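Just data23.txt here, compact mmCIF, N, CA and C atoms:
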```txt
# COMPACT_ATOMS: atom_id res chain seq x y z
N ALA A 1 -4.57 3.61 38.04
CA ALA A 1 -3.86 3.93 39.28
C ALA A 1 -4.74 3.88 40.53
N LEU A 2 -4.25 3.18 41.53
CA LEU A 2 -4.78 3.34 42.90
C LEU A 2 -3.89 3.98 43.93
N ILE A 3 -4.41 4.99 44.60
CA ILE A 3 -3.73 5.57 45.76
C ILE A 3 -4.39 5.14 47.06
N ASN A 4 -3.51 4.72 48.05
CA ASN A 4 -4.11 4.22 49.28
C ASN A 4 -3.71 4.98 50.51
N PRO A 5 -4.62 5.51 51.24
CA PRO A 5 -4.42 6.31 52.43
C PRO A 5 -4.62 5.43 53.60
N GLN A 6 -3.73 5.47 54.59
CA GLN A 6 -2.62 6.33 54.71
C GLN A 6 -1.33 6.03 54.01
N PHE A 7 -1.10 4.86 53.22
CA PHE A 7 0.07 4.90 52.59
C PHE A 7 -0.16 5.51 51.27
N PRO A 8 0.11 6.68 51.10
CA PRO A 8 -0.10 7.36 49.86
C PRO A 8 1.13 7.23 48.95
N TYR A 9 0.88 7.17 47.67
CA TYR A 9 1.89 7.24 46.64
C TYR A 9 2.43 8.61 46.63
N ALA A 10 4.02 8.81 46.60
CA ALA A 10 4.60 9.95 46.81
C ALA A 10 3.91 10.83 45.82
N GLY A 11 3.84 12.08 46.05
CA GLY A 11 3.20 13.00 45.13
C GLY A 11 4.09 13.42 44.04
N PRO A 12 4.99 12.76 43.62
CA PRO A 12 5.96 13.07 42.61
C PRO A 12 7.05 12.22 42.87
N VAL A 13 7.97 12.09 41.89
CA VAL A 13 9.45 11.77 41.95
C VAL A 13 9.93 13.18 42.21
N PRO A 14 10.64 13.31 43.33
CA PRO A 14 11.11 14.62 43.78
C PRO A 14 12.60 14.92 43.41
N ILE A 15 13.04 15.98 44.03
CA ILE A 15 14.29 16.64 43.80
C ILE A 15 15.54 16.04 44.09
N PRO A 16 15.65 14.84 44.56
CA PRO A 16 16.72 13.97 44.94
C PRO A 16 17.12 13.21 43.70
N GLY A 17 16.55 13.40 42.61
CA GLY A 17 17.01 12.66 41.43
C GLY A 17 18.47 13.00 40.99
N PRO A 18 19.22 11.98 40.48
CA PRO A 18 20.66 12.09 40.05
C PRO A 18 20.73 12.32 38.57
N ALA A 19 21.10 13.68 38.23
CA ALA A 19 21.19 14.03 36.80
C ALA A 19 22.48 13.37 36.40
N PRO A 20 22.45 12.43 35.54
CA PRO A 20 23.64 11.68 35.21
C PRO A 20 24.54 12.15 34.12
N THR A 21 24.04 13.03 33.34
CA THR A 21 24.85 13.40 32.18
C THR A 21 24.32 14.64 31.62
N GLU A 22 25.19 15.41 30.63
CA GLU A 22 24.74 16.45 29.92
C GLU A 22 24.74 16.08 28.43
N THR A 23 25.01 14.84 28.16
CA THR A 23 25.06 14.26 26.80
C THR A 23 23.66 14.16 26.29
N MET A 24 23.24 15.17 25.74
CA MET A 24 21.90 15.32 25.27
C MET A 24 21.83 15.73 24.07
N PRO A 25 23.20 15.99 23.41
CA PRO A 25 23.24 16.75 22.16
C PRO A 25 23.51 15.89 20.96
N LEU A 26 22.70 16.17 20.04
CA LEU A 26 22.79 15.53 18.72
C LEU A 26 23.42 16.63 17.88
N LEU A 27 24.58 16.30 17.42
CA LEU A 27 25.25 17.37 16.59
C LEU A 27 24.66 17.28 15.17
N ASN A 28 24.06 18.37 14.66
CA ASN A 28 23.53 18.45 13.33
C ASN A 28 24.58 18.02 12.36
N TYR A 29 24.12 17.36 11.36
CA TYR A 29 24.99 16.80 10.34
C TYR A 29 25.10 17.78 9.23
N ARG A 30 26.27 18.10 8.79
CA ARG A 30 26.35 19.01 7.64
C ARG A 30 27.05 18.20 6.53
N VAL A 31 26.54 18.09 5.25
CA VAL A 31 27.24 17.26 4.25
C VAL A 31 27.00 17.68 2.80
N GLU A 32 27.88 17.39 1.89
CA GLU A 32 27.73 17.66 0.43
C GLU A 32 27.88 16.33 -0.31
N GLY A 33 26.90 15.94 -1.06
CA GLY A 33 26.91 14.58 -1.66
C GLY A 33 26.76 14.65 -3.15
N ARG A 34 27.74 14.02 -3.81
CA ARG A 34 27.89 14.06 -5.27
C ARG A 34 27.98 12.64 -5.89
N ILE A 35 27.00 12.29 -6.70
CA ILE A 35 26.97 10.92 -7.37
C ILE A 35 27.09 11.16 -8.89
N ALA A 36 28.34 11.44 -9.34
CA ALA A 36 28.56 11.89 -10.77
C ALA A 36 29.25 11.31 -11.86
N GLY A 37 29.42 10.09 -11.98
CA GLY A 37 30.07 9.15 -12.85
C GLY A 37 29.41 9.38 -14.22
N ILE A 38 30.17 9.26 -15.23
CA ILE A 38 29.69 9.39 -16.60
C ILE A 38 28.64 8.27 -16.84
N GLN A 39 27.53 8.65 -17.42
CA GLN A 39 26.47 7.65 -17.73
C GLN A 39 26.56 7.26 -19.16
N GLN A 40 26.64 6.09 -19.73
CA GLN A 40 26.52 5.81 -21.19
C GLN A 40 25.14 5.39 -21.61
N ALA A 41 24.64 5.96 -22.63
CA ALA A 41 23.21 5.66 -23.04
C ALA A 41 22.97 4.28 -23.48
N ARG A 42 23.03 3.28 -22.90
CA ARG A 42 22.66 1.94 -23.42
C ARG A 42 22.95 0.88 -22.39
N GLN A 43 22.26 -0.20 -22.43
CA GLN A 43 22.41 -1.41 -21.56
C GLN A 43 22.28 -2.58 -22.44
N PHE A 44 22.95 -3.63 -22.25
CA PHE A 44 22.70 -4.76 -23.10
C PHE A 44 21.78 -5.73 -22.49
N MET A 45 20.83 -6.36 -23.18
CA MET A 45 19.98 -7.44 -22.62
C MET A 45 19.97 -8.56 -23.55
N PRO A 46 19.47 -9.87 -23.30
CA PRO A 46 19.15 -10.77 -24.07
C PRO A 46 17.96 -10.32 -24.82
N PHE A 47 16.96 -10.06 -24.44
CA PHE A 47 15.83 -9.56 -25.16
C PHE A 47 14.99 -8.69 -24.47
N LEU A 48 14.66 -7.56 -24.93
CA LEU A 48 13.66 -6.70 -24.33
C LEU A 48 12.62 -6.43 -25.36
N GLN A 49 11.27 -5.99 -25.17
CA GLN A 49 10.38 -5.72 -25.98
C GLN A 49 9.85 -6.71 -27.02
N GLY A 50 10.17 -7.91 -27.00
CA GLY A 50 9.62 -8.86 -28.01
C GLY A 50 8.42 -9.60 -27.52
N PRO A 51 7.44 -9.86 -28.36
CA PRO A 51 6.27 -10.64 -28.02
C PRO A 51 6.23 -11.90 -28.88
N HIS A 52 7.03 -12.82 -28.47
CA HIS A 52 7.39 -14.00 -29.22
C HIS A 52 6.21 -14.86 -29.63
N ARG A 53 6.32 -15.46 -30.79
CA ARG A 53 5.19 -16.29 -31.25
C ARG A 53 5.15 -17.61 -30.47
N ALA A 54 3.97 -17.96 -29.96
CA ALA A 54 3.77 -19.23 -29.24
C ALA A 54 3.46 -20.33 -30.27
N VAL A 55 2.86 -19.94 -31.33
CA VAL A 55 2.62 -20.89 -32.47
C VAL A 55 2.53 -20.00 -33.61
N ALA A 56 3.01 -20.35 -34.74
CA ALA A 56 2.73 -19.52 -35.89
C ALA A 56 1.56 -20.17 -36.63
N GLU A 57 1.06 -19.51 -37.61
CA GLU A 57 0.06 -20.10 -38.46
C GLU A 57 0.89 -20.81 -39.49
N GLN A 58 0.21 -21.56 -40.24
CA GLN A 58 0.88 -22.15 -41.43
C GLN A 58 0.95 -21.03 -42.48
N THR A 59 1.94 -20.87 -43.22
CA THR A 59 2.22 -19.85 -44.24
C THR A 59 2.65 -20.50 -45.56
N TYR A 60 2.46 -19.83 -46.69
CA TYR A 60 2.76 -20.44 -48.00
C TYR A 60 3.00 -19.51 -49.10
N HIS A 61 3.53 -19.83 -50.26
CA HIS A 61 3.71 -19.18 -51.52
C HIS A 61 2.85 -19.95 -52.54
N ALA A 62 2.72 -19.48 -53.78
CA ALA A 62 1.86 -20.08 -54.77
C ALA A 62 2.36 -20.01 -56.22
N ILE A 63 2.04 -21.05 -56.95
CA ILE A 63 2.39 -21.19 -58.35
C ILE A 63 1.40 -21.99 -59.16
N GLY A 64 1.21 -21.79 -60.40
CA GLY A 64 0.51 -22.60 -61.27
C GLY A 64 1.04 -22.65 -62.51
N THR A 65 1.10 -23.32 -63.38
CA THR A 65 1.37 -23.23 -64.68
C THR A 65 1.14 -24.24 -65.60
N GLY A 66 0.69 -24.03 -66.78
CA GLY A 66 0.59 -25.05 -67.75
C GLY A 66 -0.03 -24.83 -68.88
N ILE A 67 -0.70 -25.73 -69.79
CA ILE A 67 -1.55 -25.45 -70.72
C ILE A 67 -2.79 -26.30 -70.74
N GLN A 68 -3.63 -26.22 -71.60
CA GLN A 68 -4.91 -26.91 -71.78
C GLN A 68 -4.70 -27.93 -72.85
N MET A 69 -4.48 -29.13 -72.54
CA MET A 69 -4.26 -30.17 -73.53
C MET A 69 -5.05 -31.37 -73.22
N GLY A 70 -5.54 -32.15 -74.15
CA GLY A 70 -6.31 -33.41 -73.89
C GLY A 70 -6.47 -34.55 -74.93
N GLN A 71 -6.55 -35.78 -74.49
CA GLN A 71 -6.77 -36.99 -75.38
C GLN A 71 -8.20 -37.41 -74.95
N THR A 72 -9.14 -37.57 -75.88
CA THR A 72 -10.58 -37.91 -75.54
C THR A 72 -11.09 -39.05 -76.42
N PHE A 73 -12.02 -39.75 -75.84
CA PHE A 73 -12.84 -40.91 -76.33
C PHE A 73 -14.30 -40.46 -75.94
N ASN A 74 -15.22 -40.60 -76.96
CA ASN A 74 -16.63 -40.23 -76.98
C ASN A 74 -17.55 -41.51 -77.05
N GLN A 75 -18.75 -41.25 -76.49
CA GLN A 75 -19.86 -42.30 -76.55
C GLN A 75 -20.35 -42.31 -78.06
N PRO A 76 -20.73 -43.49 -78.40
CA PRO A 76 -21.24 -43.82 -79.68
C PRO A 76 -22.63 -43.10 -79.79
N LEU A 77 -22.88 -43.01 -81.20
CA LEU A 77 -24.24 -42.51 -81.53
C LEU A 77 -25.39 -43.46 -81.14
N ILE A 78 -26.54 -43.11 -80.80
CA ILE A 78 -27.67 -43.95 -80.42
C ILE A 78 -28.91 -43.52 -81.12
N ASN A 79 -29.86 -44.51 -81.28
CA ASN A 79 -31.20 -44.11 -81.87
C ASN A 79 -31.89 -43.15 -80.96
N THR A 80 -32.46 -42.11 -81.52
CA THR A 80 -33.23 -41.16 -80.74
C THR A 80 -34.64 -41.67 -80.54
N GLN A 81 -35.03 -41.73 -79.30
CA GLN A 81 -36.32 -42.19 -78.83
C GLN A 81 -37.51 -41.44 -79.42
N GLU A 82 -37.76 -40.29 -78.88
CA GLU A 82 -38.99 -39.55 -79.12
C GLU A 82 -38.64 -38.14 -79.53
N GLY A 83 -39.66 -37.39 -79.83
CA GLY A 83 -39.53 -35.97 -80.17
C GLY A 83 -39.37 -35.79 -81.67
N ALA B 1 24.75 -29.32 30.78
CA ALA B 1 24.72 -30.23 31.93
C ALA B 1 25.47 -31.52 31.58
N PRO B 2 26.31 -32.02 32.51
CA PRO B 2 27.08 -33.25 32.28
C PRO B 2 26.13 -34.42 32.02
N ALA B 3 26.43 -35.23 31.01
CA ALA B 3 25.59 -36.37 30.67
C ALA B 3 25.49 -37.33 31.86
N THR B 4 26.59 -37.43 32.61
CA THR B 4 26.61 -38.28 33.78
C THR B 4 27.45 -37.59 34.83
N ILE B 5 27.23 -37.96 36.10
CA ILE B 5 28.04 -37.43 37.19
C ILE B 5 28.45 -38.72 37.90
N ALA B 6 29.73 -39.05 37.83
CA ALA B 6 30.24 -40.27 38.44
C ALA B 6 30.29 -40.18 39.96
N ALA B 7 30.35 -41.34 40.60
CA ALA B 7 30.43 -41.42 42.05
C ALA B 7 31.59 -40.56 42.52
N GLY B 8 31.30 -39.64 43.43
CA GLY B 8 32.33 -38.77 43.97
C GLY B 8 32.57 -37.49 43.21
N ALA B 9 31.93 -37.35 42.04
CA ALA B 9 32.13 -36.17 41.21
C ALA B 9 31.12 -35.05 41.44
N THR B 10 31.47 -33.85 41.00
CA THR B 10 30.58 -32.70 41.10
C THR B 10 30.39 -32.15 39.68
N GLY B 11 29.14 -32.00 39.27
CA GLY B 11 28.86 -31.48 37.94
C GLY B 11 28.30 -30.07 38.00
N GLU B 12 28.60 -29.27 36.98
CA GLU B 12 28.13 -27.89 36.90
C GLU B 12 27.10 -27.77 35.78
N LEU B 13 25.96 -27.17 36.10
CA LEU B 13 24.86 -27.03 35.15
C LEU B 13 24.46 -25.58 34.93
N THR B 14 23.94 -25.29 33.74
CA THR B 14 23.46 -23.94 33.42
C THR B 14 22.16 -24.11 32.65
N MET B 15 21.14 -23.36 33.04
CA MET B 15 19.83 -23.43 32.38
C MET B 15 19.26 -22.02 32.26
N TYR B 16 18.55 -21.77 31.16
CA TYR B 16 17.90 -20.48 30.95
C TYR B 16 16.42 -20.72 30.62
N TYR B 17 15.56 -19.84 31.11
CA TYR B 17 14.12 -19.89 30.84
C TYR B 17 13.69 -18.48 30.49
N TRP B 18 12.76 -18.35 29.56
CA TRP B 18 12.22 -17.05 29.24
C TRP B 18 10.77 -17.10 29.70
N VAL B 19 10.41 -16.25 30.65
CA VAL B 19 9.04 -16.19 31.13
C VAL B 19 8.43 -15.05 30.32
N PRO B 20 7.54 -15.37 29.38
CA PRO B 20 6.93 -14.33 28.57
C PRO B 20 5.70 -13.65 29.16
N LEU B 21 5.55 -12.37 28.86
CA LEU B 21 4.35 -11.62 29.23
C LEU B 21 3.87 -11.27 27.81
N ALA B 22 4.68 -10.51 27.09
CA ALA B 22 4.36 -10.17 25.70
C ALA B 22 4.52 -11.46 24.89
N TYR B 23 3.73 -11.61 23.84
CA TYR B 23 3.82 -12.80 23.01
C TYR B 23 5.18 -12.91 22.29
N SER B 24 5.69 -11.80 21.77
CA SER B 24 6.98 -11.81 21.08
C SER B 24 7.62 -10.42 21.12
N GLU B 25 8.73 -10.24 20.40
CA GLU B 25 9.39 -8.94 20.37
C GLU B 25 8.59 -7.93 19.55
N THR B 26 7.76 -8.42 18.64
CA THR B 26 6.96 -7.54 17.78
C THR B 26 5.46 -7.56 18.07
N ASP B 27 4.99 -8.53 18.84
CA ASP B 27 3.57 -8.64 19.19
C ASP B 27 3.47 -8.44 20.69
N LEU B 28 3.00 -7.27 21.12
CA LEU B 28 2.92 -6.96 22.54
C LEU B 28 1.69 -7.50 23.28
N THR B 29 0.92 -8.34 22.62
CA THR B 29 -0.25 -8.95 23.24
C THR B 29 0.25 -9.66 24.50
N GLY B 30 -0.35 -9.35 25.65
CA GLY B 30 0.05 -9.99 26.89
C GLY B 30 1.07 -9.22 27.70
N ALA B 31 1.63 -8.16 27.12
CA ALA B 31 2.60 -7.36 27.84
C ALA B 31 1.91 -6.66 29.03
N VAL B 32 2.72 -6.21 29.99
CA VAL B 32 2.22 -5.55 31.19
C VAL B 32 2.72 -4.11 31.38
N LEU B 33 1.78 -3.18 31.55
CA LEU B 33 2.15 -1.78 31.79
C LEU B 33 2.46 -1.68 33.29
N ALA B 34 3.72 -1.40 33.62
CA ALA B 34 4.14 -1.32 35.02
C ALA B 34 4.65 0.02 35.52
N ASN B 35 4.59 0.84 34.63
CA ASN B 35 4.76 2.24 35.03
C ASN B 35 3.66 2.86 35.85
N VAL B 36 2.53 2.22 35.95
CA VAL B 36 1.34 2.91 36.44
C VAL B 36 0.89 2.59 37.75
N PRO B 37 1.27 2.17 38.63
CA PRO B 37 0.95 1.73 39.94
C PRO B 37 2.18 1.34 40.65
N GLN B 38 2.29 1.75 41.98
CA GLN B 38 3.28 1.37 42.96
C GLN B 38 3.18 -0.05 43.41
N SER B 39 1.96 -0.71 43.14
CA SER B 39 1.63 -2.10 43.43
C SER B 39 2.65 -3.02 42.75
N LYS B 40 3.24 -3.91 43.54
CA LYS B 40 4.28 -4.80 43.04
C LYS B 40 3.89 -6.01 42.20
N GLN B 41 4.82 -6.41 41.35
CA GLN B 41 4.65 -7.58 40.51
C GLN B 41 5.24 -8.69 41.34
N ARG B 42 4.88 -9.92 41.03
CA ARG B 42 5.40 -11.06 41.75
C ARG B 42 5.82 -12.12 40.74
N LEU B 43 7.10 -12.48 40.72
CA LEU B 43 7.58 -13.56 39.85
C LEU B 43 7.99 -14.64 40.84
N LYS B 44 7.16 -15.66 40.98
CA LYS B 44 7.44 -16.74 41.92
C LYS B 44 8.18 -17.89 41.24
N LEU B 45 9.27 -18.32 41.86
CA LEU B 45 10.06 -19.42 41.30
C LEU B 45 10.28 -20.51 42.31
N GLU B 46 9.95 -21.74 41.94
CA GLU B 46 10.20 -22.86 42.83
C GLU B 46 11.26 -23.72 42.17
N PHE B 47 12.42 -23.83 42.81
CA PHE B 47 13.52 -24.60 42.28
C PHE B 47 13.54 -26.07 42.68
N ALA B 48 14.31 -26.85 41.94
CA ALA B 48 14.50 -28.26 42.24
C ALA B 48 15.16 -28.29 43.62
N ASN B 49 15.04 -29.41 44.32
CA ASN B 49 15.68 -29.56 45.62
C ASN B 49 16.24 -30.99 45.72
```

Do you think you could lay out the structure here as structure tokens?
Amino acid sequence: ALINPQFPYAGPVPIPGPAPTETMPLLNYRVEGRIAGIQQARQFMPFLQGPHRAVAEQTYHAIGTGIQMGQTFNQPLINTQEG
Amino acid sequence: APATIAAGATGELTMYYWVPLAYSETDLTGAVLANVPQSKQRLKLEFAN
């Protein structure tokens, strides 16, 4: 702010002001609020809580069976070298 | 503004300009405090002739 003498800035907005209204009042709000609809315990989703496999491992079962059977052919006898 | 004004005709035009001080409605950078001094502001406008 600058004040300049001799033209000085009025020393106030004075008493000639026009009170325009008495509408100043905010009427307090008084209220009762009830949000009470029956609630049912459940919601349907496509899927909740699953941690789906991105790849599975290979998996398997097992079997064996049979017996011990055989047809054989042997090497001929040979002269013994030494000993 | 009329695209053309024919010989003998009178056209009516309307134009608006926003002279900013503040950068925007939410960014007050550049705004001016004018409550604080009796010193006047000057908005100079030079029109077409």

Report as CSV: every residue of chain A with an atom at most 8 Å from chain B, its closest pair of atoms, and their distance in Å to one decimal, counting only N, CA and C atoms, with rows sorted by chain and ascending residue number.
```
residue,atom,partner,partner_atom,distance
A:1,CA,B:36,C,5.2
A:2,N,B:37,CA,5.6
A:3,N,B:37,CA,7.8
A:9,CA,B:38,CA,7.1
```

Taken to one decimal, the atom CA of residue B:31-atom CA of residue A:18 distance is 29.2 Å

May I ask for the distance between atom CA of residue B:45 and atom CA of residue B:30, given in Å to one decimal place?
19.9 Å

Show which residues sit within 9 Å of residue B:1, as a list in words. Count only C-alpha atoms, and ignore same-chain residues fewer than 3 positions away.
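In the requested form, the answer reads residues 4, 11, 12, 13, 14 and 15 of chain B.
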
Please, could you write that set of residues out with N, CA and C atoms as an mmCIF file, in the coordinates of the input?
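Saved to part_23.cif:
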```
data_model
loop_
_atom_site.group_PDB
_atom_site.id
_atom_site.type_symbol
_atom_site.label_atom_id
_atom_site.label_comp_id
_atom_site.auth_asym_id
_atom_site.auth_seq_id
_atom_site.Cartn_x
_atom_site.Cartn_y
_atom_site.Cartn_z
ATOM 1 N N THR B 4 26.590 -37.430 32.610
ATOM 2 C CA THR B 4 26.610 -38.280 33.780
ATOM 3 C C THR B 4 27.450 -37.590 34.830
ATOM 4 N N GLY B 11 29.140 -32.000 39.270
ATOM 5 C CA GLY B 11 28.860 -31.480 37.940
ATOM 6 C C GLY B 11 28.300 -30.070 38.000
ATOM 7 N N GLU B 12 28.600 -29.270 36.980
ATOM 8 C CA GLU B 12 28.130 -27.890 36.900
ATOM 9 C C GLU B 12 27.100 -27.770 35.780
ATOM 10 N N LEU B 13 25.960 -27.170 36.100
ATOM 11 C CA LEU B 13 24.860 -27.030 35.150
ATOM 12 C C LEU B 13 24.460 -25.580 34.930
ATOM 13 N N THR B 14 23.940 -25.290 33.740
ATOM 14 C CA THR B 14 23.460 -23.940 33.420
ATOM 15 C C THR B 14 22.160 -24.110 32.650
ATOM 16 N N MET B 15 21.140 -23.360 33.040
ATOM 17 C CA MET B 15 19.830 -23.430 32.380
ATOM 18 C C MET B 15 19.260 -22.020 32.260
#
```

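Rounded to one decimal, atom N of residue B:41 and atom C of residue A:15 lie 25.0 Å from each other.
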
Please output stretch 19-35 of chain B, rebuilt to include N, CA, C and O atoms, as a compact mmCIF listing (two decimals), in the coordinates of the input.
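This is the output file result09.txt:
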```
# COMPACT_ATOMS: atom_id res chain seq x y z
N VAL B 19 10.41 -16.25 30.65
CA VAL B 19 9.04 -16.19 31.13
C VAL B 19 8.43 -15.05 30.32
O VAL B 19 8.75 -13.88 30.53
N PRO B 20 7.54 -15.37 29.38
CA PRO B 20 6.93 -14.33 28.57
C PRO B 20 5.70 -13.65 29.16
O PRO B 20 4.92 -14.27 29.89
N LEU B 21 5.55 -12.37 28.86
CA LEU B 21 4.35 -11.62 29.23
C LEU B 21 3.87 -11.27 27.81
O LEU B 21 2.84 -11.74 27.37
N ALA B 22 4.68 -10.51 27.09
CA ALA B 22 4.36 -10.17 25.70
C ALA B 22 4.52 -11.46 24.89
O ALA B 22 5.37 -12.30 25.21
N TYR B 23 3.73 -11.61 23.84
CA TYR B 23 3.82 -12.80 23.01
C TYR B 23 5.18 -12.91 22.29
O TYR B 23 5.76 -14.00 22.22
N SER B 24 5.69 -11.80 21.77
CA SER B 24 6.98 -11.81 21.08
C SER B 24 7.62 -10.42 21.12
O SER B 24 7.14 -9.53 21.82
N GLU B 25 8.73 -10.24 20.40
CA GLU B 25 9.39 -8.94 20.37
C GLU B 25 8.59 -7.93 19.55
O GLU B 25 8.71 -6.72 19.76
N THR B 26 7.76 -8.42 18.64
CA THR B 26 6.96 -7.54 17.78
C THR B 26 5.46 -7.56 18.07
O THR B 26 4.73 -6.69 17.58
N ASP B 27 4.99 -8.53 18.84
CA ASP B 27 3.57 -8.64 19.19
C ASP B 27 3.47 -8.44 20.69
O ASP B 27 3.83 -9.33 21.46
N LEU B 28 3.00 -7.27 21.12
CA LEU B 28 2.92 -6.96 22.54
C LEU B 28 1.69 -7.50 23.28
O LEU B 28 1.45 -7.15 24.42
N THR B 29 0.92 -8.34 22.62
CA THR B 29 -0.25 -8.95 23.24
C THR B 29 0.25 -9.66 24.50
O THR B 29 1.17 -10.47 24.43
N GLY B 30 -0.35 -9.35 25.65
CA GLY B 30 0.05 -9.99 26.89
C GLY B 30 1.07 -9.22 27.70
O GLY B 30 1.36 -9.57 28.85
N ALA B 31 1.63 -8.16 27.12
CA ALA B 31 2.60 -7.36 27.84
C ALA B 31 1.91 -6.66 29.03
O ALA B 31 0.68 -6.54 29.06
N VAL B 32 2.72 -6.21 29.99
CA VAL B 32 2.22 -5.55 31.19
C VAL B 32 2.72 -4.11 31.38
O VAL B 32 3.93 -3.85 31.38
N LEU B 33 1.78 -3.18 31.55
CA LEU B 33 2.15 -1.78 31.79
C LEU B 33 2.46 -1.68 33.29
O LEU B 33 1.57 -1.86 34.12
N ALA B 34 3.72 -1.40 33.62
CA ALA B 34 4.14 -1.32 35.02
C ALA B 34 4.65 0.02 35.52
O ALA B 34 5.10 0.13 36.65
N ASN B 35 4.59 0.84 34.63
CA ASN B 35 4.76 2.24 35.03
C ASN B 35 3.66 2.86 35.85
O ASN B 35 3.81 3.96 36.36
```
